[PDB]
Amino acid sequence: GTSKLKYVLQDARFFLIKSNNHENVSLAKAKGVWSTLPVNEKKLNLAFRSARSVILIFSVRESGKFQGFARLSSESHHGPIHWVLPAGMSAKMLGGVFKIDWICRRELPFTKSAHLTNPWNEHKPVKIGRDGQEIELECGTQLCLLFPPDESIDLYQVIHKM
């Protein structure tokens, strides 16, 4: 069913996350963590205090798909995730580490979200946006509901953290 999923997304905020490679999304799925650059880290920390749920929707650059979505369970904290960093991306260049609970680990191709435009990015298709781009509530909710159901996930424990 979709009822607990809809409850988790109620009055949520949504942010597009762009990962340079698949390895870091795989690590995030395995370890329940994410890190971003300080400009986006500040935005997510503000949002985490401000909303019942902050949802990160992940897309690997050039993949043509989203790889799933997750809910922040903490603000960022410091003090060492073995991110696969491209040349020019330093471990210190990143911010802290956010803990996340995956809501859906399944893929969604961009072809299936072509009817969804993001008011906060000039009504461009929701697939379009820089890392950290906020997605307006209605568009973000509909995008999350397009993903295939992930039957491996039990949202009972996530609801209790709200």
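In this text, residue numbers run from 1 along the sequence as written. Think of the rigid core as the biggest set of C-alphas that the two forms share within 1.5 Å after superposition.
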For this session: Please pick 101 to 109 or 37 to 45, whichever has its Cα atoms farther from the shown form in 8 other deposited structures of this protein after a rigid core fit.
Result: 37 to 45
Problem set entry | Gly88 to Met89: deposited residues without atomic coordinates | none
Problem set entry | 112 to 120 versus 45 to 53 - which carries the larger mean C-alpha B factor in the record | 45 to 53
Seminar exercise, completed: Looking only at C-alpha temperature factors in the entry, 89 to 97 or 23 to 31, the higher average sits in 89 to 97
Exercise. Which has the highest CA B-factor per the PDB entry: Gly68, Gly132, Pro38, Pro125?
Worked result: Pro38
For this session: Please rank the C-alpha B-factors of the chain's modelled residues and tell me whether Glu62 sits in the lowest, middle or highest third.
Result: highest
Problem set entry | Record-listed C-alpha B factor of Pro149: chain third | highest
For this session: Going by the recorded CA B-factors, say which third of the chain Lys6 sits in, lowest, middle or highest.
Result: middle
